[PDB]
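Read the structure below first, then the notes.
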Amino acid sequence: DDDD
Amino acid sequence: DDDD
Amino acid sequence: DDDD
Amino acid sequence: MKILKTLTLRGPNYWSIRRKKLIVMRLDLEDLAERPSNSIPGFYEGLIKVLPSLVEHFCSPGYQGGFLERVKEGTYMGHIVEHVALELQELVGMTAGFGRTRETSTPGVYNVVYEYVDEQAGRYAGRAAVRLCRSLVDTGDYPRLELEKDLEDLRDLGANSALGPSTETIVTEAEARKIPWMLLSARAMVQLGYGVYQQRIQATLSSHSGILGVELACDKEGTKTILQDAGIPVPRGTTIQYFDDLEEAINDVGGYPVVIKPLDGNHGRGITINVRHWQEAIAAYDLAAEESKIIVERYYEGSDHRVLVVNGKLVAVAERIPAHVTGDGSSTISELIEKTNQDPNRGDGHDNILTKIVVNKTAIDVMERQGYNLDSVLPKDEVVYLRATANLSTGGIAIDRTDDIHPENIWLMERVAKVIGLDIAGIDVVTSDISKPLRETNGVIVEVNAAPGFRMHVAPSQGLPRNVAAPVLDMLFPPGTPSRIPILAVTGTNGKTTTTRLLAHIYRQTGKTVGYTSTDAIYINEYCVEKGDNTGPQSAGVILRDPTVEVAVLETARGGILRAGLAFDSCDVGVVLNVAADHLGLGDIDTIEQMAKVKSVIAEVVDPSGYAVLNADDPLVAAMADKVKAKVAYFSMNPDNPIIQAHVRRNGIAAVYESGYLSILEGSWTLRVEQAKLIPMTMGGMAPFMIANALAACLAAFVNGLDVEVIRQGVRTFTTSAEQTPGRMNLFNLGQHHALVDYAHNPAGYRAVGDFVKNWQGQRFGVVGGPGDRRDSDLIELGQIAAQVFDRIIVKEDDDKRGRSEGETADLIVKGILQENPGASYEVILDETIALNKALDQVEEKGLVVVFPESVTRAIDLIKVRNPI
Amino acid sequence: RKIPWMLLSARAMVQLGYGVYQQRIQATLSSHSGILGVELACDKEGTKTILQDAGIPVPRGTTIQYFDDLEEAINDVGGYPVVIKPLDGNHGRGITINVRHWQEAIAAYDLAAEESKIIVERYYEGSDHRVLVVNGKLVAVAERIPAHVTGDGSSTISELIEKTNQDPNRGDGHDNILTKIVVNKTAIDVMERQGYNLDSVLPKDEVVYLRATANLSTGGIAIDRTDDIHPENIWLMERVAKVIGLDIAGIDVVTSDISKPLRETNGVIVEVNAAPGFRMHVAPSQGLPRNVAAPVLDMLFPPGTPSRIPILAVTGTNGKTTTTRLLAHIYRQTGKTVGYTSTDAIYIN
Amino acid sequence: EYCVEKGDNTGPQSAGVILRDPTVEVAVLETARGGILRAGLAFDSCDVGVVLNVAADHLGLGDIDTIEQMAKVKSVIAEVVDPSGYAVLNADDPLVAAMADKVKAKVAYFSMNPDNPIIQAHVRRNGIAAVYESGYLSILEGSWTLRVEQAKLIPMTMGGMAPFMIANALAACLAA
Ligand SMILES: Nc1ncnc2c1ncn2[C@@H]1O[C@H](COP(=O)(O)OP(=O)(O)OP(=O)(O)O)[C@@H](O)[C@H]1O
Ligand SMILES: Nc1ncnc2c1ncn2[C@@H]1O[C@H](COP(=O)(O)OP(=O)(O)OP(=O)(O)O)[C@@H](O)[C@H]1O
Ligand SMILES: Nc1ncnc2c1ncn2[C@@H]1O[C@H](COP(=O)(O)OP(=O)(O)OP(=O)(O)O)[C@@H](O)[C@H]1O
Ligand SMILES: Nc1ncnc2c1ncn2[C@@H]1O[C@H](COP(=O)(O)OP(=O)(O)OP(=O)(O)O)[C@@H](O)[C@H]1O
Ligand SMILES: [Mg+2]
Ligand SMILES: [Mg+2]
Ligand SMILES: [Mg+2]
Ligand SMILES: [Mg+2]
Ligand SMILES: [Mg+2]
Ligand SMILES: [Mg+2]
Ligand SMILES: [Mg+2]
Ligand SMILES: [Zn+2]
């Protein structure tokens, strides 16, 4: 939830 | 949820 | 610093 | 074979300056020490068949046939487990090649040193190498399944510790630019830089990313409202709170080509892209309805483009296309998928450029909407999509279009990032032609993303890769600014703590925040952070991670270097004060030549633009000048030292003691700093060892740029009083009598104090202390020293601890003192607390008594019974 | 200070200043508040780890994943005077402050167990102090005390509550300085633990608490102690804010004496808060009110800098559009970004 | 763009006009063998030293008879570059590439052939090079490729049909  |  |  | 001890080194060390990541294993060859390979039947064939890959290893002969030849020859097992630990790591893709062996202790115990990539995998491979080798010197083989399971454990250990690819990208560029980095204990964060210049990152978020911008960007309705008020083109559309209102919503949008999304996110799921009929709208609703509560947006034609903006400036543009096959001859879809899924650039994930195309129910569903299924033959050049959206991880492609973007579109993208408030942002654009203005192609901006990934820009399937990280590091560390704070590292056998406190005191006179570590505590600007022995790499890390520190002064001990390496990699000033024979026999360092190699680590890590400060009066220290890549400065207590003279003639810098002054020689000019008699740490000029420490601190401050006037102010106001530096020259005035409390350990400190005593301008010289039972057989030497200095020598060595027997230590001192000079009233008293140090009036008026107690805490409590001034 | 302000269309944000000098705020968060600092401050275990590695005093304690392991956890802490919290937040709820017995520990567990998954911290003595730090610099300190009554003559607790709840400074909320004291089952529960109930007469000067924690909104008080804080304690508080990474931060400190170093009074830092409120500092019940906002505006708009961009307004019956385009063209020759509006369109450069 | 003096203005006497001029911020100086052999260099040290090629012109003059001697005259520029600066060498020229072992400064290379072994060995050690590839003039910096422009779109190059003009454009881009 951190490489969009 | 904004005046801690 | 050279090898094995 | 047993493993007795394991150390993990992380930084420049004894074995290597460059090989920072090493495991040192202390291996006990209980067996095998007496059996050099050829005495172990079968130990050649078993080794090569279990590990057939142990071929490329050169060992010492220098060529590809170097190792193995040495197994046929009488090589001992401690040299073999070392080539197995390296090979086991190589077999799972972790590259390591350095290693060494040395015999220590009693015969049969060896130090096995090898390189690691991952810390846990490294230690694992070591233990595994021992088991493999032990089975083969018992039996003739090693089960294949006991090799494969160990290789599986190494693969998992090296996977669990991996950084994600967006962090690897930033870290690699940071190393190229010489920016230091560390992992932090919380939330997978990484620190870049030292002290006051530190920055933090977490994947694609940084210390410059604001919370309001990030939260707004995650609110799809909020983002749309803000942008359309700014005149930015966005899709037309509305919202429904899961009522069956689609039949009406489609009317505000303007017709059936609509998009139905879940009303919240759950990854890229629940989205129907091009609805054309009512029945399709119903199906789309039921799927969208699965998530929490836009639903009917107008559908726009064009390709999906990703634009990356970093500091209000455009960095990269990529066009994304979903997994597909085409009419590459008159073949079926199932044949076409198998044909292209064999491409050498496809497989797994982040292993190669592309991944595999997978047929699943969702591929079938996407094809049904296009009028196709797996058995259909495509017309020449027909394209069939197997996925609704583009993504490299699902088998799609990415094309670099960075140089094809129109100047007006560049302006608009930068304005979007600023309106939302993001530093690093990804922008999703739908357009038929990125080379024309969006107003002419009727394109829209669909989404803004905080913390975007970089894979499509650093590893595109078509076009040129872009260095995305460079623009990130440029905003965090703007050109011309530092990423580091000054580091002054102090080492040597004796005098480190005193030198460290004086040097910190001098820098403090400039008004900066100075942090330092010593054997007493960790301090910042005169406040204590932690107490106790705080030397070593764990304390150095407290100061370097501290956001307020501008200057770091660190005393460095051999214990820390031998146990875990240095904490900082490089420094500006490296000071080596002396090499002497203390701590020998510990840590596998038996000789003075070896101790010199431990101390030289500091001199060898000084940055080429910095300085090494060496003692020209010390033969082992002066010799380090030929290893140093940095500039060299020297200090001495004798202005005529040939080294100093040769050096200043070549326009070097030196500090000397001359004519009662401490002065700096810079080329042909002499700069006087102050007189020894006027500097309080020096006992009226009568303590040569204190003068030498003052010279080293003054020279380090000078070569690093401080002015002379600042240095004078610092030496004039520095104190080492009782209750500040207990046990380090505490002189007490008690009636017509003086007494000194100190704490010598190795003999050099008994001599250093003895010289102070020789210079005492008073009457009798007495000694009321001595060594404990923790010393090596140097009691006679210590006795000989006392006999050369004092005329009142009373022996005390039968104390409260009595580490060995009773009074034998005192008897050995007596043998020494009466050997050298049987003329100092050589009484043995043993009671050091209520007799030796109590009957002090045996000493003539204004004489001096020196206390070398087991414990200074007691000595300074006892001396006080006489009411000191 | 003559800084222009506007409300924005999204997320209740307010804009301060014009053009390139604009700043945004949302309550107590601003355009200078970083996400990593704010998220770390909301992670109680993460915050504790980071601070103790920096040499900052924090409570001793452990964690349990809702197993009945309290009987063992109390041993690592060092004895029964312990604190049991829910393992996550749900406002100031589910917390037992001073456990002394096993049976109490069990009751505390069942209540803490209601939330998602520290449970046994050592209990420390002292008062609850709130410290406000704005830009790596201390602004205000206040001491907080929970709702209570005292032995103000030989009266019962129920009489004492009615006596003090008539005070003209009490009522409603943000309408006056103090609010009303309300007796409910939770007041009764707090009094039972002290050996009292509503019909008991208090001894002279005895103090009975009606609440477990301090809060002005529940009837407690706040005392300004800003000028009584020791220089070493000031240094430590500023260091805490910088270690976490917050611009505006509230720090919760437990100590018996704010005028002595925390190491001498054996005090601890209990919590760090992003986006703290200001009521206790701008409207204390005792002491002098502080202008908290002034230090905030000083970091957003540093002294000597502008908050506005030049505005050139053109009017008149005829000739406005022509004059507007020429004037914009002239300013543009200086290399600046010029925006303008006319009857034909809105343009930027 | 204003002319101060006209005529052959190479040599140390002209370099001195620019260096003594109170308005100049950057100095770019073409340096000839005539000036070096007759009176030495005017500046002692420099930031960038560019050596384009060595060829057999002017032999027999100034006591320089051989190509090996002419190479020693040209190498004077490479040897006066400050250690913090760069020497820019032609990797396609055997006498020029060889000067790299005399240089105390950093070395950058340029070539018209991306596969030149020198360039490959150099970028693998994280050096900098400029090459002509795929119709583009580009800079190789470590593992990354930076494209500057296409040869066909740069007017000094005759539509991409004049290789010697491309080579000069590469040297100027790399020095900048
Ligand atoms: N109105 C529209 N017209 C045409 N295409 C659209 C429209 N809206 C979205 N898309 C496309 O559909 C896809 C949906 O992306 P979306 O905005 O909903 O983010 P998401 O699906 O929730 O998360 P993710 O990006 O990981 O898939 C994008 O590839 C985009 O190109
Ligand atoms: N060159 C020297 N400089 C200062 N003190 C010395 C020197 N040589 C011997 N000594 C004596 O030994 C003692 C060493 O104390 P000091 O703390 O300064 O060294 P140290 O390196 O910090 O020891 P440690 O390893 O325990 O930290 C002094 O009090 C002094 O009596
Ligand atoms: N170890 C401790 N020793 C003594 N008192 C404590 C300890 N821990 C917390 N407290 C006190 O108990 C209260 C609990 O505050 P807490 O840290 O759990 O935040 P919270 O209750 O979850 O949210 P809120 O502040 O709104 O009540 C505080 O008033 C604090 O003074
Ligand atoms: N003083 C004046 N300056 C310029 N134009 C004038 C003036 N007086 C009369 N005119 C005439 O009237 C027209 C006014 O055009 P202009 O756009 O410049 O004024 P305007 O204020 O913008 O009108 P509007 O209210 O529609 O915006 C000109 O084209 C010109 O023919
Ligand atoms: Mg070897
Ligand atoms: Mg998207
Ligand atoms: Mg020591
Ligand atoms: Mg020390
Ligand atoms: Mg709190
Ligand atoms: Mg009008
Ligand atoms: Mg008009
Ligand atoms: Zn070997």
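Lettering of chains follows the sequences in order, A, B, ..., and the numbering in each one begins at 1. In what follows, every heavy atom counts, from backbone to side chain, and hydrogens, waters and symmetry copies are set aside.
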Legend entry - Backbone of D:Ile260 reached by a side-chain donor or acceptor of D:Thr272 within 3.5 Å: no

Legend entry - Pair D:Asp428 + D:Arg320, salt bridge at N-O below 4.0 Å: yes

Legend entry - Residue pair D:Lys220 / D:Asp264, side-chain heavy-atom distance below 4.5 Å: no

Legend entry - Least distance between heavy atoms, D:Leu473 atom then D:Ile170 atom: CD1-O, 4.0 Å

Legend entry - With D:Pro262 via side-chain contact (heavy atoms from CB on, under 4.5 Å) - residues at least two apart: D:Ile271, D:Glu291

Legend entry - For E:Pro295 against E:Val134, the heavy-atom pair lying closest together: O-CG1, 3.5 Å

Legend entry - Check: D:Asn442 main-chain N/O paired with D:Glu440 side-chain donor or acceptor under 3.5 Å: no

Inset, instruction - Count the heavy atoms belonging to other residues, nucleotides or ligands that lie under 6.0 Å from CD1 of E:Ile330, then report whether that count exceeds 12. - result: yes

Legend entry - Pairing residues for E:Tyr340 by the side-chain hydrogen bond (donor to acceptor under 3.5 Å, both in side chains) criterion, not counting sequence neighbours: none

Legend entry - Inter-residue atom distance F:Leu137.CG - F:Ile154.CD1, 0.5 Å rounding: 4.5 Å

Legend entry - D:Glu319 with D:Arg306: basic N within carboxylate O range, under 4.0 Å: no

Inset, instruction - Flag the pair E:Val14 / E:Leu8 as yes when at least one side-chain heavy-atom distance between them is below 4.5 Å, and no otherwise. - result: no

Inset, instruction - Count the heavy atoms of every other residue, nucleotide or ligand shown that sit under 6.0 Å from CZ of E:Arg332, and state whether that count exceeds 12. - result: yes

Legend entry - Non-neighbouring partners of E:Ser31 that pass side-chain hydrogen bond (donor to acceptor under 3.5 Å, both in side chains), sequence neighbours left out: E:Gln23

Legend entry - Results of side-chain hydrogen bond (donor to acceptor under 3.5 Å, both in side chains) for E:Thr337 - residues two or more places apart only: E:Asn349

Inset, instruction - Say whether, by atom type as modelled, one donor and one acceptor occur between the side chain of E:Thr322 and the main chain of E:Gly319 under 3.5 angstrom. - result: no

Inset, instruction - Please answer whether the main-chain N or O of D:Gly302 pairs with a side-chain N or O of D:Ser432 as donor and acceptor at a distance below 3.5 Å. - result: no

Inset, instruction - Could you tell me whether the side chain of E:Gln333 reaches within less than 4.5 Å of the side chain of E:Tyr331, counting heavy atoms only? - result: no

Inset, instruction - Output yes when a side-chain donor or acceptor of E:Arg308 lies under 3.5 Å from a complementary backbone atom of E:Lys2, and no otherwise. - result: yes

Inset, instruction - Evaluate the criterion side chain to side chain contact (heavy atoms under 4.5 Å, CB included) for residue pair E:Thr226 and E:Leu288; output intermediate values, then yes/no. - result: CA-CA 9 Å; E:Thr226 303; E:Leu288 185 70; over 6 Å; no

Inset, instruction - Report yes or no: does D:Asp219 contribute a side-chain atom to a donor-acceptor pair with the main-chain N or O of D:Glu221 at less than 3.5 Å? - result: yes

Inset, instruction - Ignoring hydrogens and angles, state whether a donor on the side chain of D:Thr441 or D:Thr431 is under 3.5 Å from an acceptor on the partner side chain. - result: yes

Inset, instruction - Output the distance between atom OG (E:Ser307) and atom CD1 (E:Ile3), rounded to the nearest 0.5 Å. - result: 5.0 Å

Inset, instruction - Could you list all the side chain to side chain donor-acceptor pair (under 3.5 Å) pairs where at least one residue sits in residues 247-256 of chain D, not counting sequence neighbours? - result: D:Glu248-D:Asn251

Inset, instruction - Check the surroundings of atom CH2 in E:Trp5: do more than 12 heavy atoms from other residues, nucleotides or ligands lie under 6.0 Å from it? - result: no

Legend entry - Check: D:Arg298 and D:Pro235 side chains under 4.5 Å, non-hydrogen atoms: no

Legend entry - Exam field: side chain E:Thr323 to backbone E:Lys320, donor-acceptor pair closer than 3.5 Å: no

Legend entry - Candidate pair E:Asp224 and E:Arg290, rule salt bridge (charged side-chain N to carboxylate O under 4.0 Å, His left out), full reasoning: CA-CA 9 Å; E:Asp224 186 287; E:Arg290 303 280 174 176; 3.1 Å; yes

Legend entry - Main-chain N/O of D:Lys436 paired with D:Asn409 side-chain donor or acceptor, under 3.5 Å: yes

Legend entry - Donor-acceptor contact below 3.5 Å, side chain F:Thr157 vs main chain F:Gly159: no

Inset, instruction - Indicate yes or no: at least one non-hydrogen side-chain atom of E:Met299 is less than 4.5 angstrom from one of E:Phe301. - result: no

Inset, instruction - Please round to the nearest 0.5 Å and tell me the distance separating atom OH of F:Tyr136 and atom CG of F:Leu146. - result: 13.5 Å

Legend entry - Side-chain donor-acceptor pair present, E:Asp247, E:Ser33, cut-off under 3.5 Å: yes

Legend entry - Student check: side-chain heavy atoms of E:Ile248 and E:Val133 closer than 4.5 Å: no

Inset, instruction - Carefully, step by step, assess D:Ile445 and D:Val416 under the rule side chain to side chain contact (heavy atoms under 4.5 Å, CB included). - result: CA-CA 9 Å; D:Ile445 299 167; D:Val416 171; 4.0 Å; yes

Legend entry - Side-chain touch D:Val275/D:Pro257, heavy atoms, less than 4.5 angstrom: no

Legend entry - Point-to-point distance, once rounded to the nearest 0.5 Å, from CD1 of D:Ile427 to CG of D:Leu308: 9.0 Å

Inset, instruction - With the side chain counted from C-beta on, respond yes when D:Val444 and D:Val234 share a heavy-atom pair under 4.5 Å apart, and no when they do not. - result: no

Legend entry - Residues forming a side-chain contact (heavy atoms from CB on, under 4.5 Å) with D:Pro547, sequence neighbours excluded: D:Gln198, E:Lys242, E:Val243

Inset, instruction - Could you tell me whether D:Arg236 and D:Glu297 make a salt bridge, using a distance below 4.0 angstrom between a side-chain N and a carboxylate O? - result: no

Inset, instruction - May I ask you to say whether E:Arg11 pairs ionically with D:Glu215, meaning some side-chain N is under 4.0 Å from a carboxylate O? - result: yes

Legend entry - Gap separating the CD1 atom of D:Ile420 from the CG atom of D:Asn449, nearest 0.5 angstrom: 11.0 Å

Inset, instruction - Applying side chain to side chain contact (heavy atoms under 4.5 Å, CB included), run through F:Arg147 and D:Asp403 and close with a yes or a no. - result: CA-CA 10 Å; F:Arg147 291 177 173 178; D:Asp403 294 317; 5.7 Å; no

Legend entry - Atom pair CZ (D:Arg177) and CG (D:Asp474), whose distance is rounded to the nearest 0.5 Å: 4.5 Å

Legend entry - Check: D:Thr223 side chain, D:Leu216 main-chain N or O, donor-acceptor pair, under 3.5 Å: yes

Inset, instruction - List the steps, then state whether side chain to side chain contact (heavy atoms under 4.5 Å, CB included) holds for E:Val20 with E:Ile309. - result: CA-CA 8 Å; E:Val20 297; E:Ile309 61 169; 4.2 Å; yes

Legend entry - Minimum heavy-atom distance between D:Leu438 and D:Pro233, given as atom pair plus value: CD1-CG, 4.5 Å

